[PDB]
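To begin, one chain is listed below as structure tokens, in the form deposited in one PDB entry.
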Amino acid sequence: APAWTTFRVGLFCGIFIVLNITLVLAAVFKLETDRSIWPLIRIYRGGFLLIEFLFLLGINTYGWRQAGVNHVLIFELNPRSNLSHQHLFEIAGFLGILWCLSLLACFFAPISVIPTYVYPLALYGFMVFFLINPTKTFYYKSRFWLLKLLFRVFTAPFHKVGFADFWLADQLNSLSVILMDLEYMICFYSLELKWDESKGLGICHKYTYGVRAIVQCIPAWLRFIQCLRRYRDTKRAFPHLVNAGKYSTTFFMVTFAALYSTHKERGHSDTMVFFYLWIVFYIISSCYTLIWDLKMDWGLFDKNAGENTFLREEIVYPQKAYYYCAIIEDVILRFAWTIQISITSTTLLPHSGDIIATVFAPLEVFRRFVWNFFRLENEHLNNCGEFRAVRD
């Protein structure tokens, strides 16, 4: 833990705090209500979810290292240059500084020639360039490993599914709103944005063509084909076929939600039965993922609970109360997770859908933040598939 790294973490955090406060007062006072800000909120929602995910991942690394979870061995990382929680805090703070600067430039641009629509373009282009720059520049090893993971995950059936690919695909499953906002950004730029004055003032916000439904299922598709690949490598059905079944319930729920969405403005009598199928598959998907979490992901509700009631025997975290609020928050937010996926899969809430999505996506990142703790603790305690060698 070098002193300059901690100093950079504090410096970036302080600049981020003051820039967030400035953003707040700018929104109340400087921001004008004439311009529609929803596309801006969607683009910067994708950015903010990425930064929040990095910050919560830093907290996750802190918890793993100071609880005993050997995440370095589980992630199959070299125990020489593994990213510490401080480095994740530094990256999150730096990208948050860029995000806040881009947002402030969108509110008031202190440049006469530069237009407003380039600040999101410049911000996300800077994220991409920082990720893919060939030179041995900041954190070269970390982003090279991350880029290899991003290549292996998005081409799943052709690579053996290790722990890192599975984990990253699940994080993308929680961060599907980032892909959704990226697709919305591309569609808005290509179709709806007038490259004349600004990004304020749309066909890309509905399911006229249903492309973002494929985008929504993309992380579920990667996880589905990863489970199928694991079945192909190891001819066993209990973990992998049932997990792929869970992801296919996500598939059916999303597509039935989309069918109901297009059928409202259409008007066939099959709309009511498409509803009924939607609640059926919504309940199936929500309970499937929730029971999978508590039983196979977290490992709780074991029959060897002992003193730790409604939990497992071995526990590495200090307070059982943490496990209990984790269970409660998982039950609450898994239904909200399916709800937000459903409304993002439909167009029937053009009044509240945007706000409920914008306030539930950070809660979904927080759910996966809590999910990481107990998932990797369960993997550390007893192997779940991806070790095949020892318990640790």
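Don't overthink the numbering: it's just position in the shown sequence, from 1. For clarity, a rigid core is taken as the largest C-alpha set superposing within 1.5 Å between two forms.
Same protein, other form: the form deposited in another entry, not shown, and the subject of what follows.
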Do you see a C-alpha shift of 2 Å or more at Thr61 between this form and the one not shown, with the core held fixed?
no
Relative to the superposed rigid core, does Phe387 relocate between this form and the one not shown - that is, does its Cα move 2 Å or more?
yes
Closer or farther apart in the other form, the C-alpha atoms of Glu386 and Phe374, for a change of 3 Å or more?
farther
Direction of C-alpha distance change in the other form, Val316 to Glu386 (at least 3 Å):
closer
